[PDB]
Amino acid sequence: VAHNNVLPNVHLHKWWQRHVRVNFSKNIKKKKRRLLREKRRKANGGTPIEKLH
Amino acid sequence: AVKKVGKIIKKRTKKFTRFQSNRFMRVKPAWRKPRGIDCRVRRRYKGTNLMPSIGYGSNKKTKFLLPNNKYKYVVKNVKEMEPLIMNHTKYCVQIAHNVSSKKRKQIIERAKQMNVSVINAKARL
Amino acid sequence: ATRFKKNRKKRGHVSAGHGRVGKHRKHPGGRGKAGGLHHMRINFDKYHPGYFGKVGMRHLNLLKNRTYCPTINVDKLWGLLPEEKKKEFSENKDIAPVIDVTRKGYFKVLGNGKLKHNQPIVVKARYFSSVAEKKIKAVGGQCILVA
Amino acid sequence: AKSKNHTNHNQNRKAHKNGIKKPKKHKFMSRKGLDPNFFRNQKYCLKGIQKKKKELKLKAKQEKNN
Amino acid sequence: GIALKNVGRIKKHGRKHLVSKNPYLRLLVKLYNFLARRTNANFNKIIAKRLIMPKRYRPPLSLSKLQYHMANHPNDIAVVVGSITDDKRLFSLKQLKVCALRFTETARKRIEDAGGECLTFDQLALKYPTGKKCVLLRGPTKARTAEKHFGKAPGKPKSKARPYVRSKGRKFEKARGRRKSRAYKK
RNA sequence: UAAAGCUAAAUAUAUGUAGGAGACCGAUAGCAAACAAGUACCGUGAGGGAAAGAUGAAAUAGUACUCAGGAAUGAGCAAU
RNA sequence: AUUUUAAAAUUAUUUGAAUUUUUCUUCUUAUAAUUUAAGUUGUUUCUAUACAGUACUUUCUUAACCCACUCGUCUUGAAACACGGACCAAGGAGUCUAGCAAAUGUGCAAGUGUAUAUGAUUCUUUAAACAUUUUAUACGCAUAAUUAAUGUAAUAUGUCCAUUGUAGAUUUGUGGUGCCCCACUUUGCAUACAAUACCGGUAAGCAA
RNA sequence: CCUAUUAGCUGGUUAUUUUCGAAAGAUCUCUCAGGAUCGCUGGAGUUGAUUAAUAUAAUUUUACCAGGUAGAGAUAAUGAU
RNA sequence: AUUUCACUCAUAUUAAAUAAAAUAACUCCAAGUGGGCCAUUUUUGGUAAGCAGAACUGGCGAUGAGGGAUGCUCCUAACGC
RNA sequence: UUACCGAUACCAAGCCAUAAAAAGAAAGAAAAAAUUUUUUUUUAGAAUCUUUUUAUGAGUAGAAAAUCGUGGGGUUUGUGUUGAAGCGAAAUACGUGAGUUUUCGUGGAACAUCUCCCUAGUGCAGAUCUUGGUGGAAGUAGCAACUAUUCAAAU
Ligand SMILES: [Mg+2]
Ligand SMILES: [Mg+2]
Ligand SMILES: [Mg+2]
Ligand SMILES: [Mg+2]
Ligand SMILES: [Mg+2]
Ligand SMILES: [Mg+2]
Ligand SMILES: [Mg+2]
Ligand SMILES: [Mg+2]
Ligand SMILES: [Mg+2]
Ligand SMILES: [Mg+2]
Ligand SMILES: [Mg+2]
Ligand SMILES: [Mg+2]
Ligand SMILES: [Mg+2]
Ligand SMILES: [Mg+2]
Ligand SMILES: [Mg+2]
Ligand SMILES: [Mg+2]
Ligand SMILES: [Mg+2]
Ligand SMILES: [Mg+2]
Ligand SMILES: [Mg+2]
Ligand SMILES: [Mg+2]
Ligand SMILES: [Mg+2]
Ligand SMILES: [Mg+2]
Ligand SMILES: [Mg+2]
Ligand SMILES: [Mg+2]
Ligand SMILES: [Mg+2]
Ligand SMILES: [Mg+2]
Ligand SMILES: [Mg+2]
Ligand SMILES: [Mg+2]
Ligand SMILES: [Mg+2]
Ligand SMILES: [Mg+2]
Ligand SMILES: [Mg+2]
Ligand SMILES: [Mg+2]
Ligand SMILES: [Mg+2]
């Protein structure tokens, strides 16, 4: 190390490439989830799908 | 060698060839600046290739004029050469390489009506 | 963007900016924080003085929710009111506001600043400092402790 | 194996590159560790002077508004 | 040859143009350059220079400090080449006339509620061409946190600079070099 | 409220099979392999492992006839 | 398109005085012109009464006169009896991600950033774009420091006032020389140098 | 196969013009073919001067201060003769 | 010691001379370098050396042009067309 | 004692660039050729812009600005069977330079954008560099163990 910086700290010393995960489908998944919980309502035929807490 | 015709003065006419381009045929003649210790062209030894410099620059008043003593504008179709009707004594036209013969005939006969000169009005004839 | 990178300027030069005699070799002084205390000592000493050694007592299982405590000075105490509501308390002298800072996320009232002279105010909180409590008593107010 | 071990060739050429700099010549310095029992008294003197000056200023602010 | 320094050529040491591309700021620069040239007033020169500086040299000014600076200058105009911001620590505000490059919403509301007004620089060019009864003001230019790390290195005797650290606590750079009990203090 | 047991959903998917797409590569590039490619070939064996795309719109137009020559092949007053 | 003016010089008529006594004697004490002022102007001939010729412009080739060791690299020092290079074509080397800082541009500002989700008369594109739960406590960084620590926590209620001094940008009123600079007068940003008060820790003194 | 293991050491590192321009000293180092740190360089930005002034200076002048080298001495001290 | 108030000390030639003296002062972020050698003069070891080790300046390195027949360091003199 | 010859240094003048400076954001007719009628040329105002003045110019390691070119994307507006890209030879051509532009020939199907932006696997003389093709040496070295061949006929 040579300047006025903060002392380095990074935790990259194992085989870190094998487990990296880029999220490409976070909106596709919410569309899918919305359609499933909407399909449930049409099968309950008037009764709600929530419960009292 | 200075060349001068009217008011136009050229400060040199020969090209600046690349060092060693006459001896090795993998070296092309386009100029590249010599870098690297022990060159004899970078160190300005007498008797070898000269280097270009800003001192050979041309007069601002005559920097882009042709021997015609006019500036050159290149046109591709009829509608592009209409801005020349206001400045016809300072510009001359040249037709682009990839236009067809039929288009060329019309461009030429309009340039004739506008009283502007055509540099290459002999091609494809 | 690769368009504006410094390396494109040195594309015709031999050494790419790293020098003829001292090349760009790989790890010529160690890896990471390697040489400190031996041959990186000066950098450590003049940029990070107190780095080596340990001091103090251990706390084995902290649980930070036990000592969470945001604060507010008496400077910012009349500013929590809207300006129109701040206005009428000036004219009328018979009524004072009662302020509950724990409804706003503050826990301890702290005592920097100046309160308006002869303008009483009543404050609720979990903790007070001595100076703050005195300054509230001086302009004719009262402090109330809650939980 | 053997090499040079000392010279100061070129050193004052580099020294005179950016001139020989002088101290900045300030007006006041800090009397932190200097003669005690003389500057504590000076603090008392200046407190008295300030009390007189501010009393006069307050007085004038009191008459001028009538 | 000839023995000159920086041979025959004069050095200048600052910013020369705008870097920003806001068209309205470019119009302002043109206007005050013209005013500076054609009436060398020393009032329009300074303004023409200040609205060229980078962001760090145009700090904000608070309402309370602005009112404090104008206490002995009733019915005058304060000129700031920055933003002015609100201050909750004030209880009341007087009537003020202020020209500034930007106002925040709360500060603008408070100023107009007391009977004051807010001005842009193109109106000040139209009403006070040479700055009669106008007071130039600046905010605190060395109050930024980044300036707390500059100066002498932290470690030189009796310095005041902050260090660059991951976090703060008894375990983060407090042992050797900051107390006498571990071998020396600073 | 230990020293016995069962149990959906919200999570993962460098494999197999099908479908859709890209500011990606363009035959020394892209998978090793755009072609009878894990093929031809090398090693006792465990294993190693390539090169090689394009006539023309149409051959349902791929060169008929004559002369010289043993033949290949060449030439034409002859031919798509 | 209004400093190729003004002035100066010259020449020919003048209005007056000198002295050196004169066909270049002085002093713009009145009008006209001229240049020696206020960076080249004129007359003849040729090209030529041409349309590309053997002439003019231009590009190659080959002589002469003077000069010219093999590039790249390490090195105090390379033409070196230091190393790599038989020739040609294609390929071929400071990039990506995390985390921090400085600089600069942009938005808002004592706050700022709509996380994961959910909503919608979003649904080739759209894996984009749009929205935020019908005196309003998700979380990060900032708004307060200091101490191993129990912890404690920033002038102080006489006045919503905003600690003190020296130099200093801008403003106010008179005078000097040319809106500028000076001599007083008024106000006193940023910042530099110091002083003082207060908060956390430690000594000292006293201590229920 | 782990694996494109590591190398303070050899070799290489791709367009133009224009502007500024070095070090081969010094401190610490299982340090002596390396490194950190100061010095020398470039870029960015404020504050100033643009008033033939003041700040300033590898230079003189005037006033004053400190020195034991060239020379000299041996009959003044020491040591030689 | 400090705080006030009154009076008064050359300046247009500037409290001695000279000055392409503000091409100044300061802060930030970074590169390369940390094997050197040579000449006149002073100087240590060595019989000496194109040997080894120091001092003050100027150079070569990083630099070409005219001269010394020739030559990294000598003399003149440093570089747009 | 005189004359002379001799630098990229010194002096005078032109031009390029760098640095600094003096100024500009309230626009009106000048010649020439033709016998007071027509004809030519110009009649400017972009702010990192336009006029004008002075001084200056060496450079390895290194740093910065402006500029030239390549594959692909958005916007704008273009070329092509009356011949695109590419390739060979060139030019009274432009630029200090990297380059840009054009003619002829070949070719047979696509190619740009400089109006302003986005983007990257983006620029080769070398690495005993990788893969492929090709030279001088050169009609040269050489075609040598194993005793040995001859006459006539057929094809
Ligand atoms: Mg040329
Ligand atoms: Mg060299
Ligand atoms: Mg270089
Ligand atoms: Mg190298
Ligand atoms: Mg010069
Ligand atoms: Mg169980
Ligand atoms: Mg596909
Ligand atoms: Mg392949
Ligand atoms: Mg080496
Ligand atoms: Mg070297
Ligand atoms: Mg050697
Ligand atoms: Mg060499
Ligand atoms: Mg030899
Ligand atoms: Mg070697
Ligand atoms: Mg070899
Ligand atoms: Mg920033
Ligand atoms: Mg955190
Ligand atoms: Mg206490
Ligand atoms: Mg008791
Ligand atoms: Mg390896
Ligand atoms: Mg220089
Ligand atoms: Mg070294
Ligand atoms: Mg030299
Ligand atoms: Mg000789
Ligand atoms: Mg002679
Ligand atoms: Mg130069
Ligand atoms: Mg690509
Ligand atoms: Mg193309
Ligand atoms: Mg590449
Ligand atoms: Mg290539
Ligand atoms: Mg090659
Ligand atoms: Mg061979
Ligand atoms: Mg033979």
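Excluded from the calculations below are hydrogen atoms, water molecules and symmetry mates; all remaining heavy atoms, backbone and side chain alike, are included. Chain naming here is simple, since letters A, B, ... match the order of the sequence lines and numbering starts at 1 in each.
Annotation: G:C161 and G:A156 have their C1' atoms spaced 11 Å apart (nearest Å). For the P atom pair drawn from J:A30 and G:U2, the interatomic distance equals 11 Å after rounding to whole Å. Distance check on atom P: I:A15 versus H:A53 gives 11 Å, rounded to whole Å. With both ends at atom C1', the span from J:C124 to G:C88 equals 15 Å, rounded to whole Å. Rounded to whole Å, the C1' atom of J:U52 lies 8 Å from the corresponding atom of J:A22. Taking the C1' atoms as reference points, G:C100 lies 45 Å from G:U134, given to the whole Å. Taking atom P on both G:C83 and H:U17, the two are 34 Å apart, rounded to the nearest angstrom. J:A61 and H:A22 are spaced 8 Å apart, taking the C1' atom of each and rounding to whole Å.
Pairing status of G:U57 against G:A204: not a Watson-Crick or G-U wobble pair with both distances under 3.5 Å. A canonical Watson-Crick pair (purine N1 to pyrimidine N3 plus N6-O4 or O6-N4) or a G-U wobble (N1-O2 and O6-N3), each contact under 3.5 Å, is absent between G:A63 and G:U15. Under the 3.5 Å cutoff applied to both distances, J:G99 and J:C94 qualify as a Watson-Crick or G-U wobble pair. Remark: the bases of G:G200 and G:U44 do not meet in a Watson-Crick or G-U wobble pair with both edge contacts under 3.5 Å. Between G:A89 and J:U131 there is a Watson-Crick or G-U wobble pairing whose two distances both come in under 3.5 Å. Under the 3.5 Å cutoff applied to both distances, I:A69 and I:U40 fail to qualify as a Watson-Crick or G-U wobble pair. Pairing check for J:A110 against J:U79: the two satisfy the Watson-Crick or G-U wobble geometry, each of the two atom distances being under 3.5 Å. Taken together, G:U112 and G:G107 do not constitute a Watson-Crick or G-U wobble pair, since the relevant N/O distances do not both lie under 3.5 Å. Taken together, J:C129 and G:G91 meet the test for a Watson-Crick or G-U wobble pair: both N-N or N-O distances fall under 3.5 Å.
For F:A34, the torsion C1'-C2'-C3'-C4' is below zero, which places the sugar in the south, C2'-endo range. A positive value of the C1'-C2'-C3'-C4' torsion places the sugar of G:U143 in the north (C3'-endo) family. For F:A37, the ring torsion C1'-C2'-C3'-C4' comes out negative, which puts the sugar in the south group. A negative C1'-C2'-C3'-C4' dihedral is found for the sugar of G:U137, placing it in the south range. South puckering is assigned to the sugar ring of G:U54, since its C1'-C2'-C3'-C4' angle is below zero.
No engagement by B:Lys90 is indicated, since no non-hydrogen atom pair under 4.0 Å with the nucleic acid exists. Residue-level contact check: C:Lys135 touches the bases, meaning some heavy atom is under 4.0 Å from a base atom. In this structure, E:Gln67 reaches the bases: a heavy-atom distance under 4.0 Å links it to at least one base atom across the strands shown. Residue D:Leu46 is out of contact with every strand shown, counting any heavy-atom pair closer than 4.0 Å. Contact annotation for B:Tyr45: backbone-only contact, meaning every heavy-atom pair under 4.0 Å involves sugar-phosphate atoms and none involves a base. When heavy atoms are screened at a 4.0 angstrom cut-off, B:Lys4 is found touching no nucleic acid atom at all. Among the heavy atoms of the strands, none lies under 4.0 Å from A:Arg18. Within 4.0 Å of B:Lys33, counting heavy atoms only, lie sugar-phosphate atoms of the nucleic acid but no base atom. Using a 4.0 Å heavy-atom distance criterion, B:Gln20 is classed as a base contact. D:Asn41 comes within 4.0 angstrom of no nucleic acid atom, judged by non-hydrogen atoms across all strands. Looking at heavy-atom distances under 4.0 Å, C:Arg3 makes contact with a base. Residue E:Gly131 is classed as a sugar-phosphate contact, given heavy-atom separations below 4.0 Å to backbone atoms only. Across all strands, C:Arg20 comes closer than 4.0 Å only to sugar-phosphate atoms, never to a base (heavy-atom distances). In this structure, A:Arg21 reaches the sugar-phosphate backbone alone: every heavy-atom distance under 4.0 Å involves primed, P, OP1 or OP2 atoms, never a base.
Of the candidate nucleotides G:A148, J:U102, G:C100, G:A148 has the atom nearest to the side chain of E:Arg170. For B:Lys11, the listed nucleotide lying nearest its side chain is J:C15; candidates were J:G57, I:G32, J:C15. Between J:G123, I:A21, I:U57, one nucleotide has an atom nearer to the side chain of C:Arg11 than all others, and that is J:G123. Comparing atom distances between the E:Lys132 side chain and each of G:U172, I:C28, G:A117 picks out G:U172 as nearest. When each of J:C15, J:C104, G:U146 is scored by its nearest atom to the side-chain atoms of B:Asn59, the top-ranked nucleotide is J:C15. Here the side chain of E:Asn42 is nearest to one of G:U104, G:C180, G:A109, namely G:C180. Of the candidates J:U103, J:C94, G:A79, the closest approach to any side-chain atom of B:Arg40 belongs to G:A79. Closest to the side chain of B:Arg44, out of G:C74, J:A64, J:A58, is J:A58.
For the pair D:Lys47 and D:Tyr44, the cation-pi criterion (under 6.0 Å, within 45° of the ring axis) is not fulfilled. A cation-pi arrangement, defined by a distance under 6.0 Å to the six-membered ring centre and an angle within 45 degrees of its axis, is present between C:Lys86 and E:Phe91.
Groove atoms closer than 5.0 angstrom to the side chain of D:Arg13 belong exclusively to the major groove. B:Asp38 reaches into the major groove: one of its side-chain heavy atoms sits under 5.0 Å from a groove-facing base atom. Residue C:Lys10 reaches into the major groove of the paired bases (side-chain heavy atom under 5.0 Å from a major-groove atom; none near the minor groove).
A close approach under 4.0 Å does not occur between any side-chain nitrogen or oxygen of D:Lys4 and OP1 or OP2 of H:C32. Between B:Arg43 and J:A58 there is no side-chain N or O to OP1 or OP2 distance below 4.0 Å. Distances shown here put a side-chain N or O of C:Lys114 below 4.0 Å from the OP1 or OP2 atom of G:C160.
Counting only Watson-Crick or G-U wobble pairs whose defining distances are both under 3.5 Å, the stems of 3 or more consecutive pairs in RNA chain H are H:15-20 with J:62-67, H:27-29 with H:34-36, H:41-47 with I:24-30.
Taking ring-centre separation below 5.5 Å and interplanar angle below 30 degrees as the test, the adjacent bases G:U23 and G:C24 do not pass.
Ring geometry for B:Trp31 versus B:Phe16: interplanar angle over 60°, hence perpendicular rather than tilted (30 to 60°).
When each of E:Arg102 and E:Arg50 is assigned the nucleotide of RNA chain G bearing its nearest heavy atom, the one mapping closer to the 5' terminus is E:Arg102. Of the two residues near RNA chain H, E:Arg9 and D:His6, the one whose nearest nucleotide lies more 5' is E:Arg9. For the pair D:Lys22 and A:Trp15, nearest-nucleotide mapping onto RNA chain H gives the more 5' position to A:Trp15.
Aromatic stacking of E:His13 on H:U46: not satisfied for centres closer than 5.5 Å together with planes under 30 degrees. Stacking here means ring centres nearer than 5.5 Å and ring planes tilted less than 30 degrees, and by that measure D:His16 stacks onto H:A58.
Judged purely by atom type and a 3.5 angstrom limit, E:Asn44 uses its side chain to pair as donor or acceptor with the backbone of E:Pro129.
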Next item on the list: With side-chain hydrogen bond (donor to acceptor under 3.5 Å, both in side chains) as the test, would you mind laying out the steps for C:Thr102 and C:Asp100 before giving the verdict?
Entry: CA-CA 6 Å; C:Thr102 62; C:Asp100 183 32; 2.9 Å; yes
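Atoms NZ (B:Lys46) and P (I:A78) sit 20 Å apart, rounded to a whole Å.
E:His149 NE2 to E:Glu147 CD: the interatomic distance, rounded to the nearest 0.5 Å, is 11.5 Å.
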